[PDB]
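Reading through the structure tokens given below for one structure.
Quick note on labels: first sequence line is chain A, next is B, and so on, each numbered from 1.
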Amino acid sequence: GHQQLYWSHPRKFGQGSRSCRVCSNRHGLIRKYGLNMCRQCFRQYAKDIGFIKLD
Amino acid sequence: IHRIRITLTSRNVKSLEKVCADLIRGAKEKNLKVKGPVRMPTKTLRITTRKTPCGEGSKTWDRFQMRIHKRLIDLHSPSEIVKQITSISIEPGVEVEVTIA
Amino acid sequence: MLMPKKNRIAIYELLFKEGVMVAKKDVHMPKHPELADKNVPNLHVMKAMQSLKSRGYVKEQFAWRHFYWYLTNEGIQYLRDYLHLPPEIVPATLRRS
Amino acid sequence: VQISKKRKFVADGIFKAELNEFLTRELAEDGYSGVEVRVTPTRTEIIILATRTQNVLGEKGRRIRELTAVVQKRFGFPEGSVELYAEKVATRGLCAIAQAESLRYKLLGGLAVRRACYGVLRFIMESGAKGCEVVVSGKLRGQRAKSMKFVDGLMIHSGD
Amino acid sequence: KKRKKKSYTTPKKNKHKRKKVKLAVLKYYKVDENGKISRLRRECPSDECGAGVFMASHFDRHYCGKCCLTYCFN
Amino acid sequence: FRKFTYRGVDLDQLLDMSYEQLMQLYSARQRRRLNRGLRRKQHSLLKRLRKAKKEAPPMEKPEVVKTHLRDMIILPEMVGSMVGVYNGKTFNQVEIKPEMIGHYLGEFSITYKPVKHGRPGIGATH
RNA sequence: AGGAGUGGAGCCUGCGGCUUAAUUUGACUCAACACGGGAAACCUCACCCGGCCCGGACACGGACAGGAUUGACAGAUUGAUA
RNA sequence: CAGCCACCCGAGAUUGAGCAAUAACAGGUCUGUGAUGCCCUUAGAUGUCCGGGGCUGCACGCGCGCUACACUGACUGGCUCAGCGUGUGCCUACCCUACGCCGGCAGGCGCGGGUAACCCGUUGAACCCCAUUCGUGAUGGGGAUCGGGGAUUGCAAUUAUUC
């Protein structure tokens, strides 16, 4: 009866399925302004986001 | 009321000012009483990220800062005239929010 | 797949309404973003795509945890054959081109 | 339904990065060299500079119809309201990713690293460019990682 | 990845495999000299059962698996 | 000889007593599940424990119950029997006594463990 | 010349060896030891496990066309309402 | 001479940081990655649908740090001054959060305020502004060491983990 039993428990607090939006990676997710990436993808892809370094 | 408000926001100050000058000239090309561009405080967004992908070495961080500059142009005119002025090949990266009340 | 063939042909028809869409990389997602509330499991969507990958008439351009479908003329021919339907159903985008 | 300026600008950046990655991994063989986005009232246009425009457009524009068929189903573009454009790159010596992909698909075809690097060097300095650095690291041959540099002309290394 | 050492109980995830007759008639009865059928198979109110799909009732509860009904005669 | 009670009430009284002053007897636990409500997949454990409790062998303990779910329990009907609770790879056997009320079933599952025994030896000097 | 002074006092993710299978990792000279953006019911899980399911699909040969799933008040108990 | 040290005017006579070379390491990361090299992995699939323990252990060595040892002070409370920011939303309830009733403790419904310098905001704040027992102690420096109870985001607080 898995067809009506599929996805029984709503996992809403966890980010297993809400991990970094790029790939199958975790351990360092940041939700500043809703990035939903880890540090790796953000830093390598920060040139297209619009975040620049002049501090 | 016919006070049309453009909440125009962009990442570049120079492109923003060129857009504002072109818009206020197009208003100045017609008979429209206008206010000067109102510069709301730019949003400075800070993201401080560790540089080494795996924790090793000296504690080193990048500080990515995002400067968001926003002007408002509220002119006493029907929005159709402002839209007639609008078709001027708006600068990329400058977004327009239309407020009519 | 313990899944009826009629639903597989329904998936073929829904794809044939277009030429290529994208798939969400997940097997626990009950539904399909494009085929929302049509009893189309995402895991079986990638099952279908992996089957035609085994056939060798389709490919993918996976990016950002998202499968990117492909379709070659032989693959379109095979889908128009197994649908048991005329090739007259060309993608509607050319009717809106 | 309005959203804050920071979030909308980060969404635009996310969208642009997504297009960049997808088109770089999808059309690298066809010499994809850059994506730009423009907006008109209730219309989004995307212009794609490419080294191989005949290979980025396709026959009758069909691939473009395919391409828009893909993007429209990912980022939320309603059917039939998005168009894709392409312009030839003015020079291959003003963009680095073009020669990068050229090096990829010259070595992937089977070729000594040095020959391709020197071909790129002479192509660049017959383009009037003032300096080119191609650093290649890995295992050129054998089982050891040696980093080689193909350095031509002066090149600024610091500052604004 | 390394071995998890299925060595004590059955190391089998395979499904069931059964042998039976080619002509298995359990929805009807034959050798009856009757063109009609005396209805010993329970009437199924689901709109998925015709004359080729019925159910068999045991001493324990009423079995289902199509629409989750109950015809209980325990 | 020594006197033990549950603050003037027993399982029988608490069965007769309604939840009104039971909440006053409740420490802090298992109260908001009523306001939250009970979900699906949660109707068989009570039936199974009651069915086991109905038939109790003479001079023998109630039959072992294999449970893989940590089920929140709202009533003291469990007290007076035995439970086979989860350890991690086996099912450990528990006698129920008046300490069960005032506590949760999951509080009897204590499982934590060291690596091995040793002292700082040849390898570790400083 | 001098300055919170951490070193000296009981409370930290983690260090190095430290009770009943899992307290486990990568980083021994700062430039590893509040570091891997690290306070963990669950996904904080890299770890004996109790295994709920194939998300083994398909060229070529099958007892080749009667293999299975959606069986939930059940006695059916090792997920009982698979 | 390049320059160094004093002085008057002056807002300012060294404001702080990101960019940082040629060339290289056998320094860490295959446990960051849909970037990857023969061995266990050939479906006997070190999480994968469901998910009920695990880096959540005790004898000690100067590993970043934590509140203090007190009267320049914790302490009834009087008066009143902040700046970067963060903020209702794609399988994103949950974000800040102006009153009536109640409830010391967290919080129930409403009229609304907020995509934003419009809403909290005049961050009335917060350190200090010294009128209260305090006097050299085990009480008030030092909650660091006990058992009960209201309970909001949390099916699942078992090492009252966290109010």
>> Please determine whether any donor N or O and acceptor N or O are separated by less than 3.5 Å between the side chain of E/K4 and the base of G/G51.
In response: yes
> Can H/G143 and H/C163 be counted as a Watson-Crick or G-U wobble pair, both distances below 3.5 Å?
Replying inline: no
> Any idea how D/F77 and D/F15 line up, ring-wise: parallel (<30°), tilted (30 to 60°), or perpendicular (>60°)?
Replying inline: perpendicular
> Do E/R42 and E/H62 get their side chains close enough for a donor-acceptor pair, meaning under 3.5 Å?
Replying inline: no
> Mind checking whether G/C35 and G/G26 form a Watson-Crick or G-U wobble pair, both distances under 3.5 Å?
Replying inline: yes
>> Students often get this wrong, so: under 4.0 angstrom with heavy atoms, is F/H43 touching a base, only sugar-phosphate, or nothing?
In response: base
>> Can you say whether a donor on the side chain of F/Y104 sits under 3.5 Å from an acceptor on the base of H/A157, or the other way round?
In response: no
> Does any N or O donor sit under 3.5 Å from an N or O acceptor when you compare the side chain of F/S109 with the base of H/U158?
Replying inline: no
>> Using 30° and 60° as the class boundaries, would you call the ring planes of A/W7 and C/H28 parallel, tilted or perpendicular?
In response: parallel
> Would H/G51 and H/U76 count as paired if we go with Watson-Crick or G-U wobble and both distances under 3.5 Å?
Replying inline: no
>> Can you tell me whether the side chain of E/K19 and the base of G/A63 have a donor-acceptor pair closer than 3.5 Å?
In response: no
>> Strictly by Watson-Crick or wobble contacts shorter than 3.5 Å, is anything paired with H/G108, and which nucleotide is it?
In response: H/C101
>> Counting only Watson-Crick and G-U wobble pairs whose two distances fall below 3.5 Å, is H/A24 partnered with H/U15?
In response: no
> Can H/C134 and H/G73 be counted as paired, Watson-Crick or G-U wobble, both distances less than 3.5 Å?
Replying inline: yes
